[PDB]
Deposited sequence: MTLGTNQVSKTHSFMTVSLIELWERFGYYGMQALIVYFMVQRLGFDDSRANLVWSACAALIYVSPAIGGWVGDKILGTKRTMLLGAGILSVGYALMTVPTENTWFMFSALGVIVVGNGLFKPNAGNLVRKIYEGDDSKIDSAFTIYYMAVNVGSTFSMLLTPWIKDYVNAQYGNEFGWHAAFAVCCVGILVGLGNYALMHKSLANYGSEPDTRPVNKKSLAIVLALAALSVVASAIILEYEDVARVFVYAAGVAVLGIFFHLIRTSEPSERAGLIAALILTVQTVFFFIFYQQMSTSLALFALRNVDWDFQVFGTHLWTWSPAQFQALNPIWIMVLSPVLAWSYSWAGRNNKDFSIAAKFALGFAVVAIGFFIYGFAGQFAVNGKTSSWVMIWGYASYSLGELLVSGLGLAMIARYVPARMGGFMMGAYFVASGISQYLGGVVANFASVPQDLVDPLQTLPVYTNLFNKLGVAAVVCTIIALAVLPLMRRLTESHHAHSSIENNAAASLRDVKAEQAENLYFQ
């Protein structure tokens, strides 16, 4: 029919999918701590392990979509599988193996969904795909803004009208019906727009490969769940992945991909900072920020700590037209990040009563997410001048980011915000210095970049 309409339909189902995902993510760490009983260094570790799993998932899921089931049918199967993930997260049980399974299913289902939705935009436009992708990208941010703005307060609201359960589970149900929404959306527009796109979708579904792909999926859910439950297992598996990427690198001309080596170590650093906002900045928000947001000197409104993360896509959309108006922008990325961290770093020496900051979150997220904005060029074709080595590197860096968040973990018997503030600002300051170390590294590695050219 057109390329814009199927770019539309794929961007819509994308949008609702991410709605579900990020709504879920903000609440997931606060859940592991506040409703489940987890201390915060387990909370970080489990979340980061599940994060790395999630980030490194679309490798296999993509290969399954491209060459085994259809790209569309795989994308759909992902959609169903995560409708079921959130569905699980919705049953009111305080048993971790249940939640851990639910997270396992989201890992599997996500690996099946997103490389294939992205792949379909990519097939819809043959070039203009980058514009397409940026448009695509913005769909993401909008969905996730609303999701994150929404889900915590559903939990808040419900935890207020009823006792502790659901509340959280209500929110996870919101996620679920977000996925479901995106699915009805997809059907109608299924044939409406999607029509031509995929490769092994041109022939009828090989039910043995469907079977075996399902079986292996459930297995992956169990494997995931045993990675999440047992910290030491996950840590070993991450470490193995580490010695693996070091293998691939140390046996893989020298100037261009010692430049590539440097590039992905700098990728890893960047992701550690990025991981900081699910985890350490989240707990600092929960523990040390006046949730009363005043526009000096009005009142409204009053944050729910989780909602702070919505400032991320918000600022992205906000700064997206401004930037509309050369690996030196890594340097800039890192520098601006450094300054975000220093903003939280001096969340202490100004506007403090123990629990006080508020605007520290806003400007922090501006600086940080701006940094993210100036590095949307970390595709691997950009260390070309291999999906595996870098994707695993990057997953490994999600987990690592969780352990750094653990460099600022607070005891559960320590509830005096007056004493927890220092711990968080100490982390944040040494990250800000780290981000400047990293800016130095970037700018210093730019001579190798025009010795290759």
Check: Counting from 1 along the deposited sequence, which stretches lack C-alpha positions?
Finding: 1-7, 134-136, 263-269, 343-355, 416-424, 493-523
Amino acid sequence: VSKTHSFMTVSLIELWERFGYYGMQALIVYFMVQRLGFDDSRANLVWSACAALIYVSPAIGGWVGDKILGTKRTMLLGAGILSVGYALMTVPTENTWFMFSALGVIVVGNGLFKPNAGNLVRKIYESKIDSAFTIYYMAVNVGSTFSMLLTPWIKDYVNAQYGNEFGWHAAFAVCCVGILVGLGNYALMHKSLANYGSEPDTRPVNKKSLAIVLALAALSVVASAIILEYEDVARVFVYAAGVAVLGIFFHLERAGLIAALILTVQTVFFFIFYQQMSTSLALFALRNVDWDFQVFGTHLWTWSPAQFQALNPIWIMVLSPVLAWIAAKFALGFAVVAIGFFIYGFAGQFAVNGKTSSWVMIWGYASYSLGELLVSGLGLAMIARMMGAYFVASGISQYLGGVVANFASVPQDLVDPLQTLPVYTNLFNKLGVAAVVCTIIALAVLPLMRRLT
From here on, numbers count along this sequence of modelled residues.
Checklist line | Residue range whose averaged C-alpha B-factor is higher in the record, 194-202 or 326-334 | finding: 194-202
Notebook entry, point to check: Out of 18-26 and 439-447, which one has CA B-factors that are higher on average in the deposited record?
Noted result: 439-447
Notebook entry, point to check: Which one, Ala173, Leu257, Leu76, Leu370, has the peak C-alpha temperature factor per the PDB entry?
Noted result: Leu257
Item checked: Criterion, highest CA B-factor; candidates, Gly379, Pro115, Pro313, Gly85 -> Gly379
Notebook entry, point to check: Based on the entry's values, in what third of the chain does the Cα temperature factor of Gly104 lie: lowest, middle or highest?
Noted result: middle
Check: Which third of the chain does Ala408 land in by C-alpha B-factor: lowest, middle or highest?
Finding: middle
Item checked: Lowest, middle or highest third - CA B-factor, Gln266 -> middle
Margin query: Using only modelled residues of the chain, where does the Cα B factor of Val56 rank: lowest third, middle third or highest third?
Written below: lowest
Next item on the list: Check where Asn95 lands among this chain's C-alpha B-factors and tell me if it's the lowest, middle or highest third.
Entry: highest
